[PDB]
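So this first bit is one chain, no partners, the form deposited in one PDB entry, shown in structure tokens.
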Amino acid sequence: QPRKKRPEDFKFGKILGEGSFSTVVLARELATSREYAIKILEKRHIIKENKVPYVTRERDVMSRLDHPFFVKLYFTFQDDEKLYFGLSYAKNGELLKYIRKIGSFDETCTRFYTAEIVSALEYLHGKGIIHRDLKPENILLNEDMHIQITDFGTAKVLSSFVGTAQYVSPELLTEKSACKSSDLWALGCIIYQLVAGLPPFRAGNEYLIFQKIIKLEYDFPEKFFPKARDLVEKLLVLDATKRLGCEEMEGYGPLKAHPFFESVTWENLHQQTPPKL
């Protein structure tokens, strides 16, 4: 194993992201010219806010992930005040940037990028890990325009908290729980947003959004691709045991076999060339 890295090992540059308890900065490792997204955390603030379990959860999950559709944790170190996590640099940034940029995706891009997310969730769920806060903001795009999912402090490992309002599953609002199905609900929202250009549950504030969620109060624009629409209806189901892809629905086989994915080769998505946006 290589030595423990230190801040002097890098030339830091721009801020790539900001969270409540962290900041992600682009850094070039001097010895290699390699670029990394270094997530920087202030020890005192983490302790002060009782966030140690989250940071720990992230380091632990992101270390064990070994799949192209995920941001990778490459190393950690600290100084007197700070924790540094060396992450994959996803040069093209957030999927959200692209939804905004181009408005809404065509069927080819929707199908392709949905398939990668699905293929990612299949990997994640196979390891007994639930993201819990999946969204266009943490589904990033690398230089080659393949997805790289990040942001795992709120993940749960199978053998309390609430994600972003638009993507919160109903089980979370009605009994504090989360299952793999919760990610499949997030997926349903994300497909809707790729197609429609907006998340399906929208309102003046969080309360109102939550209220629409528990009543399943949303609907499709006219232009929505019919197969996409049908797929979204199989995901946005109040009963979590009845979402396509969950264990009670017999998993990812039936999900991947949905007619929306007719033209997908599931086997080597990462090797395929993404459709142009």
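Just count from 1 along the sequence shown to find any residue number.
One more form of this protein, solved in complex with a partner chain, exists but is not displayed; see below.
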Hey, of 48-56, 214-222, 228-236, 244-252, which bit sits against its partner chain in the deposited bound form at 4.5 Å between non-hydrogen atoms? 48-56
So, in the deposited bound form, is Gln78 in contact with its partner chain at a 4.5 angstroms heavy atom limit? yes
Is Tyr113 close enough to touch its partner chain in the deposited bound form, meaning at least one heavy atom pair within 4.5 Å? no
Can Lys72 be called a contact residue for its partner chain in the deposited bound form at 4.5 Å between heavy atoms? yes
Looking in the deposited bound form, any heavy atom of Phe152 within 4.5 Å of its partner chain? no
Its partner chain isn't shown here, but in the deposited bound form which of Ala90, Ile130, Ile99, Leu83 has a heavy atom within 4.5 Å of it? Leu83
Non-hydrogen atoms within 4.5 angstroms of its partner chain in the deposited bound form: do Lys135, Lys156 and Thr174 all have one? no
